[PDB]
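Trainee: give the three-dimensional model of this entry:
(9 chains, ligands or ions: 91)
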Amino acid sequence: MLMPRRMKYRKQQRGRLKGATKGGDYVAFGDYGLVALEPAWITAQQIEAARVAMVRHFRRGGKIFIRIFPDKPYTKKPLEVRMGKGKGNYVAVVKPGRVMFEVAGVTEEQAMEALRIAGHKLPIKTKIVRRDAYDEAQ
Amino acid sequence: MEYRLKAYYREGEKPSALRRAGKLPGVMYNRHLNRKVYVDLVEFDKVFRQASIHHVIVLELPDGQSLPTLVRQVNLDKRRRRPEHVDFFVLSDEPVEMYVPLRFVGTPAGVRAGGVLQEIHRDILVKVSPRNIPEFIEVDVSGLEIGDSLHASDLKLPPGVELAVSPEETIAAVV
Amino acid sequence: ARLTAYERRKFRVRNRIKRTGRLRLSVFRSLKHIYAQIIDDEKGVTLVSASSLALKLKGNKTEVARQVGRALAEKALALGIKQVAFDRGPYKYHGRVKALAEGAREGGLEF
Amino acid sequence: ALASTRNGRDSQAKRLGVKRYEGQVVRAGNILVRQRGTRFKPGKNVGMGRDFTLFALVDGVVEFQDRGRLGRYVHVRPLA
Amino acid sequence: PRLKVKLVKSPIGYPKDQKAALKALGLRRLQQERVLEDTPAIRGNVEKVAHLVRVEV
RNA sequence: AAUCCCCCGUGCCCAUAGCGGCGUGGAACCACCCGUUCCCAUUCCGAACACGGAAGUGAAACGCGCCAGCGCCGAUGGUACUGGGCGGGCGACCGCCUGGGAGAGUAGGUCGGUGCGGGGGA
RNA sequence: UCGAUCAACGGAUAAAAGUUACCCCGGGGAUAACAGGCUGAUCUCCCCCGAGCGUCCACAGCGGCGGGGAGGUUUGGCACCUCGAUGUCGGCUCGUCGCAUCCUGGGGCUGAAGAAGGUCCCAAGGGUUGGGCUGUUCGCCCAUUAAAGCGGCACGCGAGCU
RNA sequence: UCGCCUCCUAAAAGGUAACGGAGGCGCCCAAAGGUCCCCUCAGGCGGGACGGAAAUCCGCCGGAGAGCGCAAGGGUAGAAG
RNA sequence: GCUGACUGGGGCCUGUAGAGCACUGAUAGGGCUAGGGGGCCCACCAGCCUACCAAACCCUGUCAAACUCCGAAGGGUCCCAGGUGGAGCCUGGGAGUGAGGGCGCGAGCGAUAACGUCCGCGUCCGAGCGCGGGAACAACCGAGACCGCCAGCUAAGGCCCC
Ligand SMILES: [Mg+2]
Ligand SMILES: [Mg+2]
Ligand SMILES: [Mg+2]
Ligand SMILES: [Mg+2]
Ligand SMILES: [Mg+2]
Ligand SMILES: [Mg+2]
Ligand SMILES: [Mg+2]
Ligand SMILES: [Mg+2]
Ligand SMILES: [Mg+2]
Ligand SMILES: [Mg+2]
Ligand SMILES: [Mg+2]
Ligand SMILES: [Mg+2]
Ligand SMILES: [Mg+2]
Ligand SMILES: [Mg+2]
Ligand SMILES: [Mg+2]
Ligand SMILES: [Mg+2]
Ligand SMILES: [Mg+2]
Ligand SMILES: [Mg+2]
Ligand SMILES: [Mg+2]
Ligand SMILES: [Mg+2]
Ligand SMILES: [Mg+2]
Ligand SMILES: [Mg+2]
Ligand SMILES: [Mg+2]
Ligand SMILES: [Mg+2]
Ligand SMILES: [Mg+2]
Ligand SMILES: [Mg+2]
Ligand SMILES: [Mg+2]
Ligand SMILES: [Mg+2]
Ligand SMILES: [Mg+2]
Ligand SMILES: [Mg+2]
Ligand SMILES: [Mg+2]
Ligand SMILES: [Mg+2]
Ligand SMILES: [Mg+2]
Ligand SMILES: [Mg+2]
Ligand SMILES: [Mg+2]
Ligand SMILES: [Mg+2]
Ligand SMILES: [Mg+2]
Ligand SMILES: [Mg+2]
Ligand SMILES: [Mg+2]
Ligand SMILES: [Mg+2]
Ligand SMILES: [Mg+2]
Ligand SMILES: [Mg+2]
Ligand SMILES: [Mg+2]
Ligand SMILES: [Mg+2]
Ligand SMILES: [Mg+2]
Ligand SMILES: [Mg+2]
Ligand SMILES: [Mg+2]
Ligand SMILES: [Mg+2]
Ligand SMILES: [Mg+2]
Ligand SMILES: [Mg+2]
Ligand SMILES: [Mg+2]
Ligand SMILES: [Mg+2]
Ligand SMILES: [Mg+2]
Ligand SMILES: [Mg+2]
Ligand SMILES: [Mg+2]
Ligand SMILES: [Mg+2]
Ligand SMILES: [Mg+2]
Ligand SMILES: [Mg+2]
Ligand SMILES: [Mg+2]
Ligand SMILES: [Mg+2]
Ligand SMILES: [Mg+2]
Ligand SMILES: [Mg+2]
Ligand SMILES: [Mg+2]
Ligand SMILES: [Mg+2]
Ligand SMILES: [Mg+2]
Ligand SMILES: [Mg+2]
Ligand SMILES: [Mg+2]
Ligand SMILES: [Mg+2]
Ligand SMILES: [Mg+2]
Ligand SMILES: [Mg+2]
Ligand SMILES: [Mg+2]
Ligand SMILES: [Mg+2]
Ligand SMILES: [Mg+2]
Ligand SMILES: [Mg+2]
Ligand SMILES: [Mg+2]
Ligand SMILES: [Mg+2]
Ligand SMILES: [Mg+2]
Ligand SMILES: [Mg+2]
Ligand SMILES: [Mg+2]
Ligand SMILES: [Mg+2]
Ligand SMILES: [Mg+2]
Ligand SMILES: [Mg+2]
Ligand SMILES: [Mg+2]
Ligand SMILES: [Mg+2]
Ligand SMILES: [Mg+2]
Ligand SMILES: [Mg+2]
Ligand SMILES: [Mg+2]
Ligand SMILES: [Mg+2]
Ligand SMILES: [Mg+2]
Ligand SMILES: [Mg+2]
Ligand SMILES: [Mg+2]
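Mentor: Residues are numbered from 1 along each chain as shown, chains lettered A, B, ... in the order given. Ligands and ions are numbered 1, 2, ... in the order given. Structure data below:
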């Protein structure tokens, strides 16, 4: 689905969405990227919604990178009220300026119209990008 | 093929202002120098899209000297993804490490049209005497078959100068 | 293998001695000679010295040693030094090292 | 168990740490540092009790010493 | 020489150490001008409250 | 006797002293080395520790150099964050002032420095 | 120096469980049940995207996976006025308003020949049946109908009735 | 659920709540204690009858990841093993 | 009886924000490779191919309250100075309080709900339901009301008429 195997701890505190993406952010694997303009918990099921929209969009062809991963467990109570925490029930924290997704090996006009679909499945505003000198060398 | 920009100096003059000003803070340095400079953003941009830490940029700037720089850093701030500052490395004649682009030459040359092409590096890091700087590298290897990993020194090595290696890594492959 | 047995026991016995905080009567012994050097730490400083080298004596290495002890006491006691602690370094207290130490009383002592 | 709550414990805080800082005047007996491992070793005129606890041996002032991979050190300088 | 410090804005609702400060400049009512030496300690308090009192030399 | 240089101790800074490669040293120090009678040794072994030695060797170890492949150290500039003072946004969050200011990274640096004492040359 | 799951672990007695719709007093809106209020997970309705089904396909009619909201009619969360009292479901009587329109009026599109439908737009003037069953609200069912609309008003209305 | 220990929450002194997130104690040892002396791990690669992923042996590499009676933390081979 | 909050200088203590991936874990893409998933040639040790399994290892790329090779701003404490204040310390007499709330910032619980709940640091209401602004309004902005005045200057907020 997308999810770790093996966790150290089952549940973990919410924390803030403060700041800028802190890495990720420079477009390392592909010809075109999708970058986050807003912070959000992006869900294993939103990610896979986007991934499939793109493969469906081209031919089973192309190449797709993803590059954000849902390692943060997301609890919810049932309709109860208050005794303990839990349960269940996975997100990836995503700050502004991060490259998620990022396709390659496809025509610009394909990638861009697929990346546009892809971001319609996301809770945040997004930006399509290309690739650069600015994405350096390393 | 050959590139120059401009450059100016600065001492005080807070970066935020300069950056509001259409200009682009940066620094000039090398073993014998370190100096505070700025440039025009819109000007710099056009050049850097081209040069891109691959070709040499000769600056200009007042005095007027004209200084043979390699760009060795660009900090783009992550929110707007747009350069906030630039490192300009000035050459002198002592060997210096750097990034050379890569010319992949051929047809798929076996399993042609085709397997999958898979270029694993658009660059290589190489120690080079500034004087002779091999502005690209033709790499063909018409052997070019399914599954292999070409290492390093199997590259042309345009005449001037040696790898900054590692000699064993992954350049391309077909599958 | 890092940091040998020799250098462990070396450190081991020094450290213990160095806590009590007396002057240190340190003993080097080569296969040929035996030297002894009385140190004050925290000044990192040597005060009295005695060697089978600078005394140029020979024959029966143990008996040679008893002498460089008396040699040390005598020179040392002359500066006021009476109490110290026997370093014994990385050497079993025995034989040549024992002998220098029991030759180092008659003079400053407790060994 | 799992749900109701299996958690809920914690122990009392141990009020651990440094109790005298550099150049504070102390007297024989004053404990200088309260600590779990050997996180500071005893220095000049400084004892260590069985719970790893460091005290002044003599009246004086406390100096701190960072000896690199020899760890950190607390001494008391007399003029007691 | 000496500074002229005058209270221009109320301390009501600012942290207690910010009030404690105006006691060290011994400023009590609003508008109050006070004339005291420029030395670094008297300057520390004057700076701490600088969003309230305005200064002159 | 000061000064310098080499060795031997022994401190100190705590890797800029480290690893690896290479080279070098035996007169003197030092080591390995000769032996196991004696003191003393090995859950077996003189390996180690110990003694009595002095034929040989600097092979090992140690010391001294030189190499930047690794390791270690590492600016300046710019950001992040932030004491204090102000704004903006439904929110998540964001910006301005003034003061402090990393981490990663880039440029470089580095194959140690040094105190006391001896022994020997100066 | 010994006898403590005095473990409800600062340890009422050496020695102790239940029930009350037969109940009582003192208090509490410091605290539950009703209603309101905040909230809106849940619920109802929109909207974005648009895999896909629809012979073909402009989405005529559908609409996966995901996304953003509106409303405050549900089930809840909270515990804010009210416990020196804000009577609770349902029916009856009497209405009034909202519009997310059940009918009638006017529209566009259609995979609209006509007639008859489908879908969406405008529109709140008026209308919106009678019965069997159950306390029922709902719902099912009979016979009709232009239609047999969904909500709010302390789940409207007990100093109006039952 | 109720006392005790470890960690986090805890906002770089101490302290700090919730029917917040996770674990442990109610023992044990006459040696698992005192001292003197000695010794140094785990792991990996190579070699070696029965021997196998592992028994024991030999080589090199291995600054501590092992051990420290039991939870966790801190500490620790210049020893606390 | 100068020691006080606050402030200046100096030392020491710390492991948060940020960041990092050296540890513990998680983790995307590629490479190289143990064991095999056994296609099988065996059905003798063999045994090769892997667009599947794969340790470690290299390369690119990330994440963490209970990870840290690092690490600020600030914070604590001591010395020396300023600081005469409804300051400070000592002894003793009298209390009341031990339901708090809003808001800002930092966390947890909750749903990146609540005029939610629970801690931290500040503040204000409480007790300033006295005054001015915000239409009206405990806690938002302004500002600490001893009395009087048919005088002046300002704060926030305002200057078309009310
Ligand atoms: Mg990064
Ligand atoms: Mg969510
Ligand atoms: Mg309840
Ligand atoms: Mg979107
Ligand atoms: Mg604790
Ligand atoms: Mg105010
Ligand atoms: Mg303060
Ligand atoms: Mg280091
Ligand atoms: Mg010789
Ligand atoms: Mg010779
Ligand atoms: Mg040699
Ligand atoms: Mg650095
Ligand atoms: Mg800097
Ligand atoms: Mg600030
Ligand atoms: Mg830095
Ligand atoms: Mg080096
Ligand atoms: Mg030295
Ligand atoms: Mg000399
Ligand atoms: Mg009790
Ligand atoms: Mg109790
Ligand atoms: Mg207690
Ligand atoms: Mg009793
Ligand atoms: Mg009874
Ligand atoms: Mg009954
Ligand atoms: Mg009766
Ligand atoms: Mg009765
Ligand atoms: Mg009653
Ligand atoms: Mg009611
Ligand atoms: Mg209610
Ligand atoms: Mg009411
Ligand atoms: Mg809603
Ligand atoms: Mg709502
Ligand atoms: Mg809508
Ligand atoms: Mg309700
Ligand atoms: Mg209430
Ligand atoms: Mg409450
Ligand atoms: Mg009531
Ligand atoms: Mg009444
Ligand atoms: Mg009605
Ligand atoms: Mg309408
Ligand atoms: Mg109609
Ligand atoms: Mg019609
Ligand atoms: Mg129609
Ligand atoms: Mg028709
Ligand atoms: Mg109508
Ligand atoms: Mg109607
Ligand atoms: Mg009937
Ligand atoms: Mg009936
Ligand atoms: Mg029914
Ligand atoms: Mg009917
Ligand atoms: Mg209701
Ligand atoms: Mg009613
Ligand atoms: Mg009635
Ligand atoms: Mg009434
Ligand atoms: Mg009534
Ligand atoms: Mg920890
Ligand atoms: Mg703390
Ligand atoms: Mg704190
Ligand atoms: Mg603290
Ligand atoms: Mg338990
Ligand atoms: Mg081993
Ligand atoms: Mg083996
Ligand atoms: Mg350990
Ligand atoms: Mg432990
Ligand atoms: Mg343990
Ligand atoms: Mg531990
Ligand atoms: Mg004073
Ligand atoms: Mg200080
Ligand atoms: Mg963080
Ligand atoms: Mg890691
Ligand atoms: Mg952390
Ligand atoms: Mg650093
Ligand atoms: Mg004073
Ligand atoms: Mg008072
Ligand atoms: Mg009193
Ligand atoms: Mg009470
Ligand atoms: Mg209370
Ligand atoms: Mg409270
Ligand atoms: Mg704010
Ligand atoms: Mg509240
Ligand atoms: Mg709130
Ligand atoms: Mg408060
Ligand atoms: Mg009250
Ligand atoms: Mg007040
Ligand atoms: Mg009122
Ligand atoms: Mg008012
Ligand atoms: Mg008013
Ligand atoms: Mg008003
Ligand atoms: Mg008021
Ligand atoms: Mg007054
Ligand atoms: Mg007005």
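Trainee: what residues are up against residue 1?
Mentor: Reading this off chain A. A:44-45, A:48, A:90 (Cβ atoms under 8 Å, 6 or more residues apart in numbering or on different chains). (C-beta placed from N, C-alpha, C; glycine too.)
Trainee: should've been chain E
Mentor: E:37-38, E:57.
Trainee: report how many residues lie close to the closest residue to chain A within chain E.
Mentor: Using Cβ to the nearest Cβ, the closest approach of chain E to chain A is made by residue E:15 at 24.2 Å. For residue E:15, the neighbour count with other Cβ atoms under 10 Å in any protein chain shown is 10.
Trainee: what of residue C:52?
Mentor: 23.
Trainee: I'd assumed residue C:35 was in contact with it.
Mentor: Yes: the pair residue C:52 / residue C:35 is scored as a contact, 7.0 Å apart, by Cβ atoms under 8 Å.
Trainee: which parts of chain C are strands?
Mentor: C:24-29, C:34-40, C:45-51, C:85-86 (DSSP state E).
Trainee: check which element follows the helix ranked longest in chain B along the chain.
Mentor: Identified as the longest helix of chain B according to DSSP state H is helix B:41-50. Later in the chain than helix B:41-50, the nearest helix or strand by DSSP states H and E is strand B:69-77.
Trainee: surely residue B:32 and residue B:92 touch.
Mentor: Yes: counting by Cβ under 8 Å, residue B:32 does reach residue B:92; the two are 6.9 Å apart.
Trainee: more crowded one of the two?
Mentor: Higher neighbour count among residue B:32 and residue B:92: residue B:92, with 11 against 7, using other Cβ under 10 Å.
Trainee: who are the contact partners of that one?
Mentor: Contacts of residue B:92 (Cβ under 8 Å, 6+ apart): B:30-32, B:130.
Trainee: just name the closest of those to residue A:105, please.
Mentor: Nearest to residue A:105 among those is residue B:130, at 36.3 Å by Cβ to Cβ.
Trainee: next, count neighbours for residue A:59.
Mentor: If we define neighbours as other Cβ under 10 Å, then residue A:59 has 9 of them.
Trainee: and for the one 10 residues further on?
Mentor: By other Cβ under 10 Å, 15 other residues sit near residue A:69.
Trainee: which residues are in contact with it?
Mentor: Counting by Cβ under 8 Å, 6+ apart, residue A:69 has contacts A:2, A:92.
Trainee: residue contacts, the residue of chain E found nearest RNA strand H?
Mentor: Closest contact between chain E and RNA strand H, by Cβ to the nearest atom of the strand, is at residue E:17 (14.3 Å). Contact analysis of residue E:17 by Cβ under 8 Å, 6+ apart lists residue E:48.
Trainee: helix, strand or coil: sort out it for me.
Mentor: helix (DSSP: H, G, I helix; E, B strand; the rest coil).
Trainee: likewise for the one 3 residues further on?
Mentor: Three-state assignment for residue E:20 (three-state DSSP): helix.
Trainee: and it, what does it touch?
Mentor: No contacts exist for residue E:20 under Cβ under 8 Å, 6+ apart.
Trainee: and it, how close does it get to residue E:11?
Mentor: 10 Å (Cβ to Cβ, to the nearest Å).
Trainee: can you name the residues of chain A that neighbour chain B?
Mentor: A:20-22, A:25-26, A:35, A:96-97, A:129, A:132-134, A:136-137 (Cβ under 8 Å from any Cβ of the partner chain).
Trainee: try 10 Å
Mentor: A:19-27, A:33, A:35, A:37, A:63, A:95-99, A:105, A:127, A:129, A:131-138 (Cβ under 10 Å from any Cβ of the partner chain).
Trainee: can you put the contacts of residue B:92 in a markdown table and add secondary structure?
Mentor: Converted to a markdown table, these look like this (three-state DSSP):
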| residue | secondary structure |
| --- | --- |
| B:30 | strand |
| B:31 | coil |
| B:32 | coil |
| B:130 | coil |
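Trainee: of the residues you listed, closest to residue C:73?
Mentor: Using Cβ to Cβ, the contacts of residue B:92 come closest to residue C:73 at residue B:31, 60.8 Å.
Trainee: residues near that closest one, how many?
Mentor: The burial count for residue B:31: 9, using other Cβ under 10 Å.
Trainee: in this structure it contacts residue B:94, no?
Mentor: Yes: if you go by Cβ atoms under 10 Å, residue B:31 and residue B:94 touch, sitting 7.7 Å apart.
Trainee: which neighbours do those two share?
Mentor: Contact criterion Cβ atoms under 10 Å, 6 or more residues apart in numbering or on different chains; residues shared by residue B:31 and residue B:94: none found.
Trainee: near the closest residue to residue B:39 other than its chain neighbours, how many other residues are there?
Mentor: If the residues on either side of it in the chain are set aside, residue B:39 comes closest to residue B:24, at 4.9 Å by Cβ to Cβ, 6 or more residues apart in numbering or on different chains. Other residues lying near residue B:24 total 24 when counted by other Cβ under 10 Å.
Trainee: what secondary structure does residue B:24 sit in?
Mentor: From three-state DSSP, the assignment for residue B:24 is strand.
Trainee: check whether it really touches residue B:47, as I assumed.
Mentor: No: using Cβ under 10 Å, residue B:24 is not in contact with residue B:47, being 11.4 Å away.
Trainee: now render the strands of chain C as TSV, adding mean neighbour count and distance to RNA strand G.
Mentor: Formatted as TSV, these follow (neighbours: other Cβ atoms under 10 Å in any protein chain shown; distance: least, Cβ to the nearest atom of the strand, whole Å):
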stretch	mean neighbour count	distance to RNA strand G
strand C:24-29	21	45
strand C:34-40	21	48
strand C:45-51	17	52
strand C:85-86	20	40
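Trainee: can you redo those strands as TSV with distance to RNA strand H?
Mentor: What follows is the strands of chain C, written out as TSV (distance: least, Cβ to the nearest atom of the strand, whole Å):
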stretch	distance to RNA strand H
strand C:24-29	13
strand C:34-40	14
strand C:45-51	17
strand C:85-86	10
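Trainee: quick one: contacts for the residue of chain C found nearest RNA strand G?
Mentor: The minimum distance from chain C to RNA strand G, using Cβ to the nearest atom of the strand, falls at residue C:19 (34.6 Å). Residues near residue C:19 by Cβ under 10 Å, 6+ apart: C:85, D:42.
Trainee: who's in contact with the residue lying farthest from the centre of chain A?
Mentor: Within chain A, residue A:83 marks the point farthest from the mean C-alpha position, 32.6 Å out by Cα atoms, centre = their mean. The neighbourhood of residue A:83, defined by Cβ under 10 Å, 6+ apart, consists of A:77, D:3-5.
Trainee: and whichever residue of chain E sits closest to RNA strand G, how many neighbours?
Mentor: Residue of chain E nearest RNA strand G, by Cβ to the nearest atom of the strand: residue E:13 (25.8 Å). Counted by other Cβ under 10 Å, the residues lying close to residue E:13 total 7.
Trainee: also residue C:56?
Mentor: 7.
Trainee: that one and RNA strand I: what is the separation?
Mentor: 50 Å (Cβ to the nearest atom of the strand, to the nearest Å).
Trainee: in space, what's closest to residue C:53 - neighbours in sequence excluded?
Mentor: In space, residue C:53 is closest to residue C:33, 5.3 Å off (Cβ to Cβ, 6+ apart).
Trainee: surely the one you found and residue C:52 touch.
Mentor: Yes: taking Cβ under 10 Å as the definition, residue C:33 is a contact partner of residue C:52 at 4.4 Å.
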